[PDB]
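Beneath this line is the structure, given in structure tokens, with notes to follow.
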Amino acid sequence: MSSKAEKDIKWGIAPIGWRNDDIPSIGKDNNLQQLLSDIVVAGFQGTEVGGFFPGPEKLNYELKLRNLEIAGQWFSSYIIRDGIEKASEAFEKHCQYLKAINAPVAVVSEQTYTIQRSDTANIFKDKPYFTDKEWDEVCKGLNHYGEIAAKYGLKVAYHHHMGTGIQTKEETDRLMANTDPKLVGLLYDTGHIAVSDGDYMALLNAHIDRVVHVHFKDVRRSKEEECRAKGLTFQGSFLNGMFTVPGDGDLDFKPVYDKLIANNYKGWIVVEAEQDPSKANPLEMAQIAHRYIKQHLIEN
């Protein structure tokens with residue numbers, strides 16, 4: 001493969017392995033400076049925006065000291081709950097923030113009815129389903145996000161996600177078939193699809209053309225099995241070790257990488273694994289991931 005094709009891939013690692021926003025106690029005493037310098041030590045070129053991150057001036061300053069970039073930021077969309085007008089207002093503010101920090105990608109998930117932050121809902125069985133009319137709202141809304149984002153030089157990447165109305169490959173297929181490819185791209189996340197559908201390559205193969213941002217999330221299969229058997233919540237499952245970084249779990253990332261290269265993918269691959277950093281040391285994880293990427297994926 002060409003070193004140029006490989007050079008079109010930017011490698012990052014997400015802050016959620018250091019510190020969790022949904023469960024603030026998890027990694028509470030870890031900070032922005034630690035994760036950014038850990039990232040340099042581990043060999044990655046950037047990260048995504050954590051909820052605890054500061055404003056653009058401080059973030060840019062800390063990034064510049066370390067020659068690091070921001071790959072993107074999560075946006076919780078509530079088109080269904082709030083209507084496209086209110087949701088679009090929230091989205092435009094994220095867009096402003098992303099541009100301020102020179103980030104390319106808004107990572108979007110329609111969060112209405114999600115069970116991913118539930119204290120009780122079984123993440124394997126209790127997900128919501130959008131109605132046909134809500135699907136129309138959402139697809140129209142996301143095209144509009146794409147229009148909003150264009151103004152800022154930004155791309156929208158839709159995050160299929162456990163516990164949401166758009167989790168399965170079939171749900172993703174529906175979204176892809178009913179949104180404009182110029183406006184709505186796909187965030188391909190290996191772990192979310194592996195856990196939903198028991199397969200990660202089918203989704204990639206079906207929509208490689210629409211992939212504009214990638215998350216590498218590995219799965220500890222034996223832990224998945226145990227979580228499913230107990231009917232845990234999303235948080236219960238990640239606190240029980242269902243997710244980890246490439247090189248530490250069970251997925252072979254090489255077919256994914258090879259597929260992206262073969263398709264001249266230009267953009268970010270971000271390692272992302274929600275764990276309790278007191279148990280899975282965030283630097284050690286970053287290093288495990290980086291060494292695997294170097295040894296198992298990269299050719300030049």
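Tell me yes or no: at least one residue of the stretch 226-237 is of a type in the set (D, E, K, R) and either touching a residue at least 60 places away in the same chain (Cβ under 8 Å) or in contact with a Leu (Cβ under 9 Å, 6 or more places away or on another chain) (or both). Yes.
Evaluated against (1) in a helix (DSSP H, G or I); (2) surrounded by fewer than 19 Cβ atoms within 10 Å (Cβ to Cβ), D21 falls short on exactly one condition, (1).
Annotation for the stretch 260-273: at least one member residue is assigned to a helix (DSSP H, G or I) and crowded, with 17+ Cβ neighbours inside 10 Å. Inside the stretch 123-133, residues that are free of Cβ contacts under 8 Å to residues at least 60 places away in the same chain and of a type outside the set (D, E, K, R) make up a count of 4.
For the stretch 158-201, taking the residues that are hydrophobic (A, V, I, L, M, F, W, C) and closer than 24 Å to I148 by Cα, the one that is surrounded by the fewest Cβ atoms within 10 Å (Cβ to Cβ) is identified as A177.
Annotation: of all residues in the stretch 274-300 being out of contact with any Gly (no Cβ under 9 Å at 6 or more places or on another chain) and either closer than 18 Å to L187 by Cβ or touching a residue at least 60 places away in the same chain (Cβ under 8 Å) (or both), the one that is surrounded by the fewest Cβ atoms within 10 Å (Cβ to Cβ) is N300. Against the conditions (1) of a type in the set (A, V, I, L, M); (2) within 20 Å of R174 (Cα to Cα); (3) under 19 Å from the mean Cα position of the chain (by Cα), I80 satisfies every one except (3).
Scan the stretch 22-56 for residues that are at positive phi and of a type in the set (V, I, T) and the total you get is 0. Applying the set (1) more than 30 Å from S118 (Cβ to Cβ); (2) in a helix (DSSP H, G or I); (3) of a type outside the set (A, V, I, L, M, F, W, C) to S237 leaves exactly one unmet item: (1).
Would a scan of the stretch 37-46 turn up a residue that is closer than 24 Å to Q96 by Cβ and of a type in the set (V, I, T)? No: the stretch 37-46 contains no residue that is closer than 24 Å to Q96 by Cβ and of a type in the set (V, I, T).
Scoring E57 on the criteria (1) in contact with a strand residue (DSSP E or B) (Cβ under 9 Å, 6 or more places away or on another chain); (2) more than 30 Å from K230 (Cβ to Cβ) leaves a single failure, condition (1).
Among all residues of the stretch 221-229, there is at least one that is among the polar types (S, T, N, Q), more than 21 Å from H296 (Cα to Cα), more than 16 Å from the chain's Cα centre (by Cα) and surrounded by fewer than 15 Cβ atoms within 10 Å (Cβ to Cβ).
Checking the stated criteria, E274 turns out not to satisfy the condition of being over 20 Å from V211 (Cα atoms) and over 19 Å from the mean Cα position of the chain (by Cα).
We place every Cβ from the backbone using ideal geometry, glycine too, and count neighbours over all the protein chains shown. Read-outs throughout are calculated quantities, based only on the coordinates presented, and are distinct from any laboratory measurement.
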